[PDB]
Amino acid sequence: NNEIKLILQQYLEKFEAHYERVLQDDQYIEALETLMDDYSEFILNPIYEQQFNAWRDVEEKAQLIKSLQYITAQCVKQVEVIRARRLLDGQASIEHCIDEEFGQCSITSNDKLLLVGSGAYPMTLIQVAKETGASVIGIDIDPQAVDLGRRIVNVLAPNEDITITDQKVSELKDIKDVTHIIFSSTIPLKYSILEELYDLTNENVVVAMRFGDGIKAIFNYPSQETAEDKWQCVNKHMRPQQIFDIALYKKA
Ligand SMILES: C[S@@+](CC[C@H](N)C(=O)[O-])C[C@H]1O[C@@H](n2cnc3c(N)ncnc32)[C@H](O)[C@@H]1O
């Protein structure tokens, strides 16, 4: 208990200070990015993983995890907003292909991908459009993220077929044409949206759900059990030096 709980509380306090500073002045982004790198290195260190796993508290552990995953999700968003505003303020124009996340279920230019939680700095959305030539829809509930994302796409990828909207999945007119769906990891509602998508989507749709379980759940929303007759987990992609893992879902 004692050891890992103390560090996790200290990270929560550090994230509070860094996040509050960045809200007042975006010059403190570099310090927050460094904290996020240190946090990542902590999460992926087998020593801390073992300590975390050994802490068999139920209530306090669960709550502390939930406090961290919420504030660090806000930090991820704030980094994206600042990076986006910097690119647009200028008015000027890596290690893994997103296609890799779908294993055998490959993406061609004839396919159509929905990315849930596109974000203000939608590099992943642009990446997959450029790599695959597929049509791409990104949704984000935050209109700041919709505006920044839309205008970044128009600068960096004007020739790709990319739509960004605040529409919920039940409001997407072309939902039945979607062949591939990716969920960003830092979406609290991702499993409720997954369940809603069952009835909305065609029968052969494939979903890549990004998540973090165990110690990775302090920087990600975790996996959940799905309704067993609806979404079947056909593949789990878990790696020790990846800050998020991927669960592939198909119908029945
Ligand atoms: C950090 S950002 C961008 C994606 C991020 N890079 C990731 O991979 O987790 C996460 C985005 O998801 C958005 N978001 C959160 N909940 C959502 C929901 N229920 N539906 C759509 N977008 C959501 C946030 O507004 C935010 O812009």
Side-chain angles (χ1 to χ4, degrees), residues 7-23 25-29 31-44 63-93 98 115-128 138-157 162 164-168 182-190 192-193 209-212 215-222 242-245:
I7 307 165
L8 291 175
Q9 290 170 338
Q10 180 179 81
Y11 271 117
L12 177 58
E13 289 162 4
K14 280 177 161 30
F15 274 110
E16 285 171 344
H18 283 72
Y19 182 67
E20 288 181 323
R21 275 191 208 92
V22 164
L23 282 198
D25 191 338
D26 70 351
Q27 90 169 106
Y28 290 111
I29 188 171
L32 170 57
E33 286 169 317
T34 299
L35 180 60
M36 288 163 86
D37 291 342
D38 291 350
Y39 193 54
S40 293
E41 188 164 356
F42 161 80
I43 288 161
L44 299 178
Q63 288 163 357
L64 188 51
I65 294 162
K66 285 177 179 281
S67 71
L68 281 166
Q69 80 193 0
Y70 179 65
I71 191 164
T72 61
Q74 292 195 283
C75 293
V76 169
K77 199 166 169 206
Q78 198 54 33
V79 171
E80 292 216 2
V81 169
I82 294 166
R83 287 166 87 178
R85 287 186 174 144
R86 287 183 175 178
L87 181 61
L88 293 177
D89 286 353
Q91 303 181 328
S93 310
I98 306 306
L115 167 59
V116 180
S118 47
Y121 201 65
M123 293 312 99
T124 290
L125 192 162
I126 297 171
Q127 186 190 341
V128 78
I139 67 169
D140 204 302
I141 59 171
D142 185 341
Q144 293 169 283
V146 174
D147 174 58
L148 296 172
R150 270 190 189 139
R151 290 195 296 126
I152 293 207
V153 162
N154 288 341
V155 179
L156 293 183
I162 303 175
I164 303 189
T165 187
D166 55 358
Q167 286 179 330
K168 289 183 172 53
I182 303 166
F183 283 89
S184 299
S185 185
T186 62
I187 304 311
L189 284 172
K190 59 199 186 180
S192 56
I193 297 170
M209 167 73 70
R210 297 175 171 189
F211 73 95
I215 186 162
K216 298 188 190 182
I218 74 178
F219 204 17
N220 294 280
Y221 287 90
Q242 295 295 315
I243 197 57
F244 63 82
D245 298 312

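These numbers come from the heavy atoms of this one structure, side chains and all, not from hydrogens, waters or symmetry mates. When a residue number appears, it is its place in the shown sequence, counting from 1.
Every residue was checked against the ring pair (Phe, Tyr, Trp, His ring centres under 6.0 Å) condition with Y121, not counting sequence neighbours, and none meets it. With sequence neighbours left out, the side chain to side chain contact (heavy atoms under 4.5 Å, CB included) criterion links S40 to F219, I243. Taking the side-chain hydrogen bond (donor to acceptor under 3.5 Å, both in side chains) definition, one finds that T124 meets it with nothing, sequence neighbours left out. Under the side chain to side chain contact (heavy atoms under 4.5 Å, CB included) criterion, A73 pairs with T186, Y221, not counting sequence neighbours. Remark: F42 engages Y11, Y48 in a ring pair (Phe, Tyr, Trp, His ring centres under 6.0 Å) (not counting sequence neighbours).
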Check: side-chain contact (heavy atoms from CB on, under 4.5 Å) between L115 and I98: does it pass, once the steps are laid out?
Finding: CA-CA 11 Å; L115 167 59; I98 306 306; over 6 Å; no
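The CD1 atom of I82 lies 7.5 Å from the CG atom of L32; values are rounded to the nearest 0.5 Å. Atoms OG1 and CD1, on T165 and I141 in that order, are 13.0 Å from each other to the nearest 0.5 Å.
Under the 3.5 Å distance criterion, the side-chain polar atoms of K216 are left unmatched by any main-chain donor or acceptor of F211. Proximity of a side-chain donor or acceptor of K190 to a complementary backbone N or O of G117 within less than 3.5 Å is not detected.
Within a 6.0 Å radius of CD in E16, other residues, nucleotides and ligands contribute more than 12 heavy atoms.
Sorted by first then second residue, the salt bridge (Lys or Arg N to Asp or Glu O under 4.0 Å) pairs that include residues 140-154, not counting sequence neighbours, are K77-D142, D147-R151.
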